[PDB]
Amino acid sequence: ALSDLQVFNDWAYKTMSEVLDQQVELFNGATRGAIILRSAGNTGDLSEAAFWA
Amino acid sequence: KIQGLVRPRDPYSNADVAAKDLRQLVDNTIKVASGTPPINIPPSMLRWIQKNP
């Protein structure tokens with residue numbers, strides 16, 4: 001523009017923030033089922049499972 | 001209660017008897033303040049054993 005007029009550089013607040021910088025998509029299909037992300041409720045320090053030998 | 005409200009009287013005599021007065025006794029209901037010590041309720045312990053905190 002010019003000095004006579006006033007320039008007002010527009011601005012904005014981004015809704016999306018930076019999330020990560022490391023590849024962490026290695027679950028289920030992304031890793032061909034190698035690593036499985038499951039949602040279940042487990043009681044105690046650990047959860048045992050007994051399968052016949 | 002007036003301790004000597006009724007007194008032996010001699011009609012033949014005419015001696016002065018000490019003037020008496022009535023006083024007022026007061027009762028009392030003391031207030032007692034009770035409470036509970038801080039009870040720790042960490043959500044982590046209940047969550048570890050899958051219990052609603």
# chains A, B, ... in the order shown; residues from 1 in each chain; ligands from 1

$ closest_atom_pairs --of "chain A" --to "chain B" --cutoff "8 Å" --atoms "only C-alpha atoms" --output "JSON lines"
{"residue": "A:41", "atom": "CA", "partner": "B:50", "partner_atom": "CA", "distance": 6.9}
{"residue": "A:42", "atom": "CA", "partner": "B:50", "partner_atom": "CA", "distance": 6.9}
{"residue": "A:43", "atom": "CA", "partner": "B:49", "partner_atom": "CA", "distance": 4.7}
{"residue": "A:44", "atom": "CA", "partner": "B:49", "partner_atom": "CA", "distance": 5.6}
{"residue": "A:45", "atom": "CA", "partner": "B:48", "partner_atom": "CA", "distance": 7.6}

$ select_by_dssp --residues "chain B" --states "helix (DSSP H, G or I)" --output "list in words"
residues 43, 44, 45, 46, 47 and 48 of chain B

$ write_last_selection --atoms "N, CA, C and O atoms" --output "compact mmCIF listing (two decimals), in the first residue's frame"
# COMPACT_ATOMS: atom_id res chain seq x y z
N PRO B 43 -7.30 -41.93 43.26
CA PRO B 43 -8.02 -42.70 42.24
C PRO B 43 -7.15 -43.85 41.71
O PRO B 43 -7.70 -44.86 41.32
N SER B 44 -5.83 -43.67 41.73
CA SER B 44 -4.90 -44.69 41.16
C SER B 44 -5.13 -46.07 41.79
O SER B 44 -5.21 -47.05 41.03
N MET B 45 -5.25 -46.15 43.12
CA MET B 45 -5.37 -47.48 43.78
C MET B 45 -6.62 -48.20 43.25
O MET B 45 -6.50 -49.37 42.85
N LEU B 46 -7.77 -47.51 43.24
CA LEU B 46 -9.03 -48.14 42.79
C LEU B 46 -8.91 -48.51 41.31
O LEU B 46 -9.35 -49.61 40.94
N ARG B 47 -8.33 -47.62 40.50
CA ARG B 47 -8.16 -47.88 39.04
C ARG B 47 -7.26 -49.09 38.84
O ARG B 47 -7.55 -49.89 37.93
N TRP B 48 -6.21 -49.23 39.65
CA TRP B 48 -5.28 -50.38 39.53
C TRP B 48 -6.05 -51.68 39.73
O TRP B 48 -5.75 -52.67 39.04

$ atom_distance --atom1 "atom CA of residue A:53" --atom2 "atom CA of residue A:40"
25.6 Å
